[PDB]
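A short write-up of the structure that comes next.
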Ligand SMILES: Nc1ncnc2c1ncn2[C@@H]1O[C@H](COP(=O)(O)OC(=O)[C@@H]2CCCN2)[C@@H](O)[C@H]1O
Ligand SMILES: Nc1ncnc2c1ncn2[C@@H]1O[C@H](COP(=O)(O)OC(=O)[C@@H]2CCCN2)[C@@H](O)[C@H]1O
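Put into structure tokens, the structure is as follows:
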């Protein structure tokens, strides 16, 4: 029976227990770090990735699918990329009883395979921009201490890869990627991450620079939940991607990529969760609304039951047909309300509506959002609940309005406000080594501090911080401008940026 | 430039040529049988699997995702299953530079993985039924004569697996799978296959029996394009799946499964295609309607061009926003009208809308369906094209009429490729000259029938595919081969 307040000290146990109790994943598959996505959990993952796919389509990035297997000669082409990943590669060496003539790696990430094909698809400036993405699984062997969604050896994800005529287009693409992240993470999943330029000594292998969303988790560690990279022209030279420009000069195009995985789901579940279990944003709720008939099955009350059950159906049909909501009806009269409520709250269903004989007589039903619970139940007339208004805007877009929709939207907005407040509370300004360390140890989250360099010699301080408190310098936000005359918290030299330090997953 | 006629003799080449010219897939990925799905092709495959997912969801089959890797120990548990699939296993043997403790197989199909987990998930009758499906790729190493979508080594597919309390529930599940297949194949993709109980000597390895859709391709060979299987209790025993029933008895549940792959897309493209290239059912058309401004860029005619382009945008906006259709505008004036026509013809765009000054002055536009072409173009008032009011619109009507024309023709093709035979000679003669499916009354559905299968393969390289149990045997009907009373009508064909 799941009942555990979700705090810094308890989160790790809370997460493992909720994974099982809500039947999201099954870790008992006998391959370490390869977890079964069970139905209730997979619906959430699929919803997140479908949204990504949909949003990528709107900004001209086309969905494709590559094979899982990458030939060894592809994977070894780019030096810095392969050294970064070679320990992570599963190798296929036989087909049946016979050895393959060329070994095949299961993709740890798809740059080497995709850019080998870009080399063929890109011959002229006419072929650019070339923007694709795929939703698939990748494979990482060396992943240690596996945790569902957060650190696994088979990882469900989406990767976008774009080929650009110029440096400026490449830079502009990064903003397009960030637009999609904000839509997914904040507008839809109601949480926030710290946007950073990753420290240059820990860039994506092969990248010219790497930008990330480091999300504060309830334990106080950060989780890298988006990776958005400018690969420059390095891969284009290695994989011989060349296009003839308008002057018929042969040019190496720029490459960019963006990746999100099951960690996005990890964040949404973890940040919004409470002592009763899950609290799901509407996007990823397999059931937006559970309607529960109450007080049925009484003696010589078969007629009243039919009327109650009849109205429950008319509510369900309106919510499904007119609003597109996912609705369930729990008409199992053997189960007590206590046991039903436990279960639906455990599973994080945003709204329950209770309809019974008495309330039906008064023309009312009870609507209870998941985050605030029974104490702040809403009495809403049944007529109002059935009330749907619609209009068409200038752009011929249908705008539907309804109280249950309003309640879902208000629910989202409360989750968002609470999640953003949590993030904001876990960014702490520090003016010294000691203040950063005490923050990491006592509070967790991100320690923000002015720092003297964004260049490679900053790694010296990354190591001291790691040794002192196991926190690492994650990066800085270039859009945050340092005040003149501010000094570096660590060296005393003039500050050129604010670095962010944290314990990482 | 693509202009290959699509006949029984040219189909194989026609298929290879249009895969490339339409940029559906890319065979130049240098692992044999592992092809890239390019954007235009992937839209199609994705539309088909999303529909399958949606339909399965509507009948209580929930989507899940299992790992790609299956440990060797799991894979070898069911004797006939492993004998059926061992040759086709890619074996993962190293993690980094280090050999793996236990070999991992890339899933050739997921029964052994999934039923190991059913064992853990099933405890009592209240856990049943348990119904799942997944869209993913599987791996079959031994596949030869690879051909995109039809015969590949990495195969994009959907597989559904259900666990049932009774034998009757398992039989009823097969009917649900079949309704979904009919929806996808016929209602949406506008083609037909022959439903058969697969001959018992050629069942799915580990199945009690197999049901299939064998679809007639333009070359006259048949392609197994759906596989729907009753696994009985065999796997449940092997993987220790047990449930406590209402009377607290420990009993084995019944398992069923169903699979569709990239072959569905293959059939749709192949059956509807013509000498101009693809002809796409609306479900898999990345673009339903291409709108083309015509007669623009003339000397001193910039005013009239912006009127034409303005109206072209108004039509696109109405079709996109009000009706939900996928619409593309080709206003690139640097390209010839001939090159545009050829391209959208080749890519199979259901409808072409042409808008020019001349037609704009009469308040009209030209609508050309892809299947019938410019000889049967429609001249439709623009106000009617813009009129939207169940949603009704003349362009939506043209897409529906187009869809119905595709179905009628593909169904007629199927029907013309089923030939009734009353003797061994007629079967051989049908197979050798006409192709398609040879249907004949036959004395048994059981294992002794394989003697005649062997004789037929030796004569003309055709095999007995199976029989449809729904077909009534005419009173007094005799077996075409033995003269004994017929108990079924077998279907024989050359296979892919
Ligand atoms: N073990 C794991 N378990 C779960 N999620 C993970 C794991 N490892 C990484 N992720 C998730 O994959 C995301 C993208 O990977 P990235 O940042 O290294 O960039 C790229 O790879 C580029 C972009 C696509 C093509 N390559 C990571 O940010 C993390 O959220
Ligand atoms: N090499 C290939 N290339 C393209 N498509 C293929 C290929 N091989 C097979 N198919 C396609 O996969 C389908 C399912 O395979 P099935 O019939 O043996 O049944 C099952 O597997 C059960 C049901 C799912 C879980 N197990 C085949 O009908 C064919 O359409």
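Chains as they are written, first to last, in the deposited numbering: chain B, 38 to 542; chain A, 38 to 426, 436 to 542.
The C-beta atom is built at its ideal place from N, Cα and C for all residues, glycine as well.
Exercise for review: Measure the alpha-carbon distance for residue 401(A) versus residue 226(B) and round it to whole angstroms.
Suggested key: On the second chain, residue 401(A) is found 364 positions in, with the first residue counted as 1. On the first chain, residue 226(B) is found 189 positions in, with the first residue counted as 1. If you take the alpha carbons of residue 401(A) and residue 226(B), they lie about 47 angstroms apart.
Practice item. Kindly indicate which residue of 316(A), 114(A), 165(A) has the alpha-carbon position closest to the one of residue 271(A). Key: In the second chain, residue 271(A) corresponds to position 234, counting from 1. The shortest Cα separation from residue 271(A) among 316(A), 114(A), 165(A) belongs to 114(A).
Review point. Does residue 359(B) get closer than 8 angstroms to chain A when you measure Cβ to Cβ?
Key: Within the first chain, the letter at position 322 stands for residue 359(B). Not closer than 8 angstroms to any Cβ of chain A, the Cβ of residue 359(B) fails to qualify, so no.
Check your understanding: Do we get a CB-CB distance below 8 angstroms when we pair residue 428(B) with the residues of chain A?
Key -> To locate residue 428(B), count along the first chain from 1; it is residue 391. Closer than 8 angstroms: no.
Review point. Opposite residue 132(A) in the DSSP bridges: which residues?
Key: Mapped onto the second chain, residue 132(A) falls at position 95. According to DSSP, residue 132(A) bridges with 127(B), 135(A).
Review point. DSSP beta-bridge partners for residue 232(B)?
Key: Counting from 1 along the first chain, the entry for residue 232(B) is found at position 195. Paired residue(s): 250(B).
Practice item. Within the stretch 281 to 369 of chain B, note down every full beta strand (DSSP E) run reaching 3 residues or more, in order along the chain. Key: 291 to 298, 326 to 331, 364 to 366
Check your understanding: Can you find at least 3 beta carbon pairs, one from the stretch 272 to 289 of chain A and one from the stretch 176 to 193 of chain A, that sit closer than 8 angstroms?
Key -> no
Review point. With 16 other CB atoms within 10 Å as the buried threshold, where does residue 436(A) fall?
Key: Counting from 1 along the second chain, the entry for residue 436(A) is found at position 390. Residue 436(A) is exposed by the Cβ-count criterion.
Review point. Got a sec, what are the start and stop residues for the beta strand (DSSP E) residue 241(B) sits in?
Key: Start at 1 with the first residue of the first chain, and residue 241(B) comes out as number 204. First-last for residue 241(B): undefined, no H or E at that position.
Point to revise | Coarse secondary structure for residue 87(B), derived from DSSP in three states | key: For this step, residue 87(B) is matched to residue 50 along the first chain. Looking at residue 87(B) - three-state DSSP - the assignment turns out to be helix.
Review point. Taking all protein chains shown into account, do 16 or more other C-beta atoms lie within 10 angstroms of the C-beta of residue 53(B), making it buried, or fewer, making it exposed?
Key: Start at 1 with the first residue of the first chain, and residue 53(B) comes out as number 16. Residue 53(B) should be labelled exposed.
Review point. Residue 263(A): beta carbon under 7 angstroms from a heavy atom of ligand 2?
Key: Taking the second chain and counting its residues from 1, one reaches residue 263(A) at position 226. Yes, the beta carbon of residue 263(A) sits closer than 7 angstroms to at least one heavy atom of ligand 2.
Point to revise | Option nearest residue 220(B) by Cα separation, candidates 470(B), 486(B), 88(B) | key: Your numbering for residue 220(B) matches position 183 in the first chain. Ranking the options by Cα distance to residue 220(B), first place goes to 88(B).
Point to revise | Per-residue contacts from residue 73(B) into chain A (C-beta, under 8 angstroms) | key: Counted from its first residue, the first chain places residue 73(B) at position 36. Result: 101, 102, 103, 104, 154.
Practice item. Taking residue 179(A) as the query, report the chain B residues whose CB atoms sit under 9 angstroms from its CB, ordered along the chain. Key: Here the question's residue 179(A) lines up with position 142 in the second chain. Near residue 179(A) (Cβ distances below 9 angstroms), the residues of chain B are 132, 133.
Review point. When the Cβ atoms of the stretch 325 to 335 of chain B are set against those of the stretch 227 to 245 of chain B, are three or more pairs found closer than 8 angstroms?
Key: no
Review point. For residue 174(B), which residues does DSSP report across the bridge?
Key: If you number the first chain from 1, residue 174(B) lands on position 137. Residue 174(B) pairs with 193(B).
Point to revise | Nearest to residue 448(B) (by Cα), restricted to the options 123(B), 387(B), 495(B) | key: As a first step, residue 448(B) must be located in the first chain, where it is residue number 411. Of 123(B), 387(B), 495(B), the residue nearest in Cα terms is 387(B).
Check your understanding: Going along chain B, which residues have a C-beta under 9 angstroms from residue 489(A)?
Key -> Counted from its first residue, the second chain places residue 489(A) at position 443. Near residue 489(A) there are no residues of chain B at all, since even the closest Cβ is about 38 angstroms away, more than 9 angstroms.
Practice item. Would you decide whether residue 75(A) is buried or exposed? Buried here means 16 or more other CB atoms lie within 10 Å of its CB. Key: Taking the second chain and counting its residues from 1, one reaches residue 75(A) at position 38. Buried: at least 16 other Cβ atoms inside 10 Å.
Review point. Does the distance from the C-beta atom of residue 255(B) to that of residue 452(B) stay below 8 angstroms?
Key: To locate residue 255(B), count along the first chain from 1; it is residue 218. To locate residue 452(B), count along the first chain from 1; it is residue 415. Going by C-beta atoms, residue 255(B) is not nearer than 8 angstroms to residue 452(B).
Exercise for review: Use the C-beta contact count for residue 259(B): other C-beta atoms within 10 angstroms, 16 or more gives buried, fewer gives exposed.
Suggested key: Taking the first residue of the first chain as position 1, residue 259(B) is located at position 222. The residue is buried, with at least 16 neighbouring Cβ atoms inside 10 Å.
Practice item. Report the partner residues of residue 415(A) according to the DSSP bridge assignment. Key: Stepping through the second chain from its first residue, residue 415(A) is reached at position 378. Looking at the DSSP assignment, residue 415(A) forms a beta bridge with 404(A).
Exercise for review: Could you list which residues in chain A have their beta carbon closer than 9 angstroms to that of residue 143(B), in chain order?
Suggested key: The residue you call residue 143(B) lines up with position 106 of the first chain. In chain order: 105, 106, 129, 143.
Point to revise | Continuous beta strand (DSSP E) assignments of at least 3 residues falling wholly in the stretch 437 to 473 of chain B | key: 464 to 466
Review point. Hey, does residue 321(A) have any beta-carbon neighbour from chain B nearer than 8 angstroms?
Key: Position 284 of the second chain, counted from the first residue, corresponds to residue 321(A). At least 8 angstroms separates the CB of residue 321(A) from every CB of chain B.
Review point. Quick one, which of 187(A), 523(A), 202(A), 175(A) has its alpha-carbon nearest residue 282(A)'s?
Key: Residue numbering aside, residue 282(A) sits at position 245 when the second chain is read from its first letter. Nearest C-alpha to residue 282(A): 202(A).
Review point. Distance, Cα to Cα, residue 134(B) vs residue 159(B)?
Key: As a position in the first chain, residue 134(B) is number 97, starting the count at 1. As a position in the first chain, residue 159(B) is number 122, starting the count at 1. Looking at the two C-alpha atoms, the distance is approximately 39 angstroms.
Practice item. Please check if any C-beta of chain A sits within less than 8 angstroms of the C-beta of residue 89(B). Key: For the purposes of this step, residue 89(B) is taken as residue 52 along the first chain, with counting starting at 1. No - not a single Cβ of chain A is within 8 angstroms of the one on residue 89(B).
Practice item. Let me know if residue 520(B) comes out buried or exposed under the rule of 16 or more other beta-carbons within 10 Å of its beta-carbon. Key: The residue given as residue 520(B) occupies position 483 in the first chain. Residue 520(B) is exposed by the Cβ-count criterion.
Review point. Taking buried to mean at least 16 other C-beta atoms within 10 Å of its own C-beta, is residue 529(A) buried or exposed?
Key: By one-based count along the second chain, residue 529(A) stands at place 483. The residue is exposed, with fewer than 16 neighbouring Cβ atoms inside 10 Å.
Exercise for review: Taking residue 126(A) as the query, report the chain B residues whose CB atoms sit under 7 angstroms from its CB, ordered along the chain.
Suggested key: Counting from one through the second chain, the residue named residue 126(A) turns up at place 89. Near residue 126(A) (Cβ distances below 7 angstroms), the residues of chain B are 133.
Check your understanding: Should residue 433(B) go down as buried or exposed, given a rule of 16 or more other Cβ atoms within 10 Å for buried?
Key -> Within the first chain, numbered from 1, the residue matching residue 433(B) stands at position 396. Classification of residue 433(B): exposed, given that the 10 Å Cβ count is below 16.
Check your understanding: Cα-Cα, which of 320(B), 173(B), 389(B), 167(B) is closest to residue 280(B)?
Key -> One-based indexing of the first chain puts residue 280(B) at position 243. Cα-wise, what sits closest to residue 280(B) is 167(B).
Review point. If you draw a straight line from the alpha carbon of residue 108(B) to that of residue 276(B), how long is it in whole angstroms?
Key: Along the first chain, one-based indexing puts residue 108(B) at 71. Along the first chain, one-based indexing puts residue 276(B) at 239. Taking the straight line joining both Cα atoms gives about 14 angstroms.
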